[PDB]
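Colleague: Sequence below, structure please.
(chains A and B)
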Amino acid sequence: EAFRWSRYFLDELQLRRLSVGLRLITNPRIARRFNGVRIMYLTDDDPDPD
Amino acid sequence: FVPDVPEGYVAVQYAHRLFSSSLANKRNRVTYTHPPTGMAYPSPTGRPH
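Modeller: Numbering: from 1, shown residues only, chains lettered A, B, ... in the order given. Below you will find the coordinate block:
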């Protein structure tokens, strides 16, 4: 029975914490690597990062 | 060859009265007022023809 599948050859327990990491890895707050820049040409007055 | 001036452009007789020094977004942009219709335009870019 241990044999039918095999998870991935990972402890039955660590897989469980792993349930959390994919979650942590997707959480907006940790995405800080945006894709595209927009070029144009305005005047930096009242710079609001957003 | 003197580049003539387009249609838009307005005639403004320069004078000291126009260019005040006002505040806009911190900084004291040297606003130009444009007689025709009072509208101080701090930043050089975007004044009005």
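Colleague: all strands in chain A, in order from the N-terminus.
Modeller: With strands called from DSSP state E, chain A shows none.
Colleague: ok, now which ones touch residue B:36?
Modeller: B:10, B:12 (C-beta atoms under 8 Å, 6 or more residues apart in numbering or on different chains). In this view, the C-beta of every residue, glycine as well, is placed from N, C-alpha and C.
Colleague: Quick check on it: phi, psi?
Modeller: Main-chain torsions, residue B:36, degrees, to the nearest 10: phi -30, psi -50.
Colleague: State the distance from it to residue B:11.
Modeller: 10 Å (C-beta to C-beta, to the nearest Å).
Colleague: Residue B:26 too?
Modeller: Separation of residue B:26 from residue B:11 (C-beta to C-beta): 34 Å.
Colleague: Enumerate the residues of chain A near chain B.
Modeller: Contact residues (C-beta under 8 Å from any C-beta of the partner chain) of chain A with chain B: A:43, A:45, A:46.
Colleague: neighbours around the second one, how many?
Modeller: Using other C-beta atoms under 10 Å in any protein chain shown, residue A:45 has 12 neighbouring residues.
Colleague: At the geometric centre of chain B, which residue sits there?
Modeller: By C-alpha atoms, centre = their mean, chain B has its centre lying nearest to residue B:32, at 4.0 Å.
Colleague: Residue B:49: which of the residues of chain A next to chain B is nearest?
Modeller: Nearest to residue B:49 among those, counting by C-beta to C-beta, is residue A:43 at 18.2 Å.
Colleague: show me what contacts the residue nearest to the centre of chain B?
Modeller: Residue B:32 neighbours (C-beta under 8 Å, 6+ apart): B:18, B:19, B:40, B:41, B:47.
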